[PDB]
Structure formats: structure tokens, C-alpha cells
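Undergrad:
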Amino acid sequence: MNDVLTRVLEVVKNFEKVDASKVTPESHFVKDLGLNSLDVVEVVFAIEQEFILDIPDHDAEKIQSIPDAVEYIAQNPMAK
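For the sequence shown, the numbering used here assigns the number 2 to the initial residue and increments by one for each residue that follows.
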């Protein structure tokens, strides 16, 4: 599902989280340069808006990798 990566990726990239040019397939989030806590919550509220599913709670906390994040959610709407 490109729709998720397009808006989701652009959202964080333009949200002041990190340049997509620096984001790698194995690039780590907070660890490799994740987004602020309060920034992650707001963002989660964004994707959730166009994802028909919340990503907060331990669910969003158990996420450290950038790809693994959009991966689970991407499959959520792509085929729950």
C-alpha cells in the first residue's frame, strides 16, 4: 500500500522527524533518530485518521523500526 507510505512517510518527513533521504530500509527510529514523543502521538493520530485504526498504546510503543511501523499498519488497511 503506497497510499500509506506516501502520506505517512511525507507526514513524518515534513513533520520535522527526519529527512526521507536519510531514512534507510533498516533505519532505526528513536534509536536511529526517531521523532519526538509528543510528535509520535500527533502523527499516530494522523495515520489513524486515514487508517481506520489507532496505532497508539503499547502498540505504538512496541515499535522501534520505521519500516516495521508502516509495515503493520500498511497491511492493516491493505487487507486487515
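Where a beta carbon is used, it is the ideal one built from N, C-alpha and C, also for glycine.
At which residue ranges does the segment 21–80 contain complete alpha helix (DSSP H) runs of 4 or more residues, listed in the order of the chain?
TA: If we require 4 residues or more, the alpha helix (DSSP H) runs fully inside the segment 21–80 come out as 38–50, 58–62, 67–80.
Undergrad: Examine the ligand SAM and report whether any of its heavy atoms sits within less than 7 Å of the Cβ of residue 36.
TA: This structure lacks the ligand SAM, and indeed carries no ligand of any kind.
Undergrad: Run through DSSP, which three-state label would residue 11 get?
TA: helix
Undergrad: Can you have a look at residue 18 and say buried or exposed, based on whether 16 or more other CB atoms are within 10 angstroms of its CB?
TA: buried
Undergrad: So, with DSSP's three-state summary, where would you put residue 19?
TA: It is coil, neither helix nor strand.
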